[PDB]
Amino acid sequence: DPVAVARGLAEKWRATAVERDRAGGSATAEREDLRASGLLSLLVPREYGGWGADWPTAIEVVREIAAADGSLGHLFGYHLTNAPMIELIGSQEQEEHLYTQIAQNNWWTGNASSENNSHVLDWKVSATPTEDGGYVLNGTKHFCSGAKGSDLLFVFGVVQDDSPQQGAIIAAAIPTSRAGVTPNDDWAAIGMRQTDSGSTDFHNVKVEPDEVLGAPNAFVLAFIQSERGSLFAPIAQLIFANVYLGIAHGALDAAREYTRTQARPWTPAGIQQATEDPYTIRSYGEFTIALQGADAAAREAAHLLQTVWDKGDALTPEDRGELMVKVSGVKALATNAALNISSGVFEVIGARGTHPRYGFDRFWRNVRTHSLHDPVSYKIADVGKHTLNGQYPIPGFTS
């Protein structure tokens, strides 16, 4: 049971959770706990050496880790979205080889991919086609995810050479240790302080032909067609939503334990014990209930993702669309719930809980930070567009 193993790591990590949040930098030791656990091959078929877990199970693992550490939740979760990219646009040969290498070596995969808010011809990383059918990467990807400690890096570049291939997105999986690749210790933010989300430099970085995932612009073409490559956004977004849900659970549990041990009753109102306060009880109710709704929706979307995933290349543009609509709603549900609980929980904790040795603001800071990755407003709009007009979201990296 990967979920039990994940909880084991959580047990270990909580003892250093405050300090690690305070220190920032890379979670080198915890990255190693995860590597050693075997959990990095969670979604690799058993037959290539992995766990062969299904999407609902994998998502439970993300949630468990995220409750202990928002940054480790994001790191591991974003790791899981990477390999499937091999499947969604790569060949059967790349897929077995790379999946096998990932399971065999317990590889961390990282991400230096989409520039979600830039016209492709403005992307900082250029891909120059070479005679042997490969490409050369140049530039800096400024916001990466888990590139720093990774073994295998999933990179996107745009052909900006004024050939007719101009504007083509090139997808590749290359060793992070390839010459010319520098994942920088670059990252600073109020939250998610240990996700290593700084920049990565590429300086005459060679991509071998067999390291290119599918044809040029394979992703953009799959997006337009809503073929299997278009499962990228629903997968990544559902993971993000469950990271937030784990963080909300983490907040709710830390709060509940503090209320049980350290909180004082408000004696001017005649309350005898902090756990008996009628408004404290109500608040925990509402936190639980909001999460109940959000988690049930997350689980439903995960089972829907499994069903669609099981169709392989036989998924329809309606499948992808219905799935993306559902995941967009989970993203919204998770965002709002996690934000509201992360902050609201202080009310039942009380003044002495603001001491930094509790680090109770880390949950909020962690969600407040990543929830800005892409605007929740257009996640809501996409749902409304579908409800009202039956229109599906425009396939892209985040919708």
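All residue numbers refer to positions in the sequence shown, first residue = 1.
- The mean Cα B-factor in the deposited entry runs higher for 74-82 than for the other of 325-333 and 74-82.
- In this entry, the higher average B-factor at the C-alpha atoms falls on 158-166, of the pair 142-150 and 158-166.
- Which of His370, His355, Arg46, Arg35 has the largest Cα B-factor in the deposited entry comes down to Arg46.
- Each of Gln237, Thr200, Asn106, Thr195 has a CA temperature factor in the record; the biggest one is found at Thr195.
- Annotation for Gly384: CA B-factor lies in the lowest third of the chain's modelled residues.
- When the CA B factors of the chain's modelled residues are split into thirds, the value for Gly270 lands in the middle one.
- For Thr176, the recorded CA temperature factor ranks within the middle third of the chain's modelled residues.
- For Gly24, the recorded CA B-factor ranks within the highest third of the chain. Only modelled residues enter the ranking.
- Ranked by C-alpha B-factor against the other modelled residues of its chain, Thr16 falls in the highest third.
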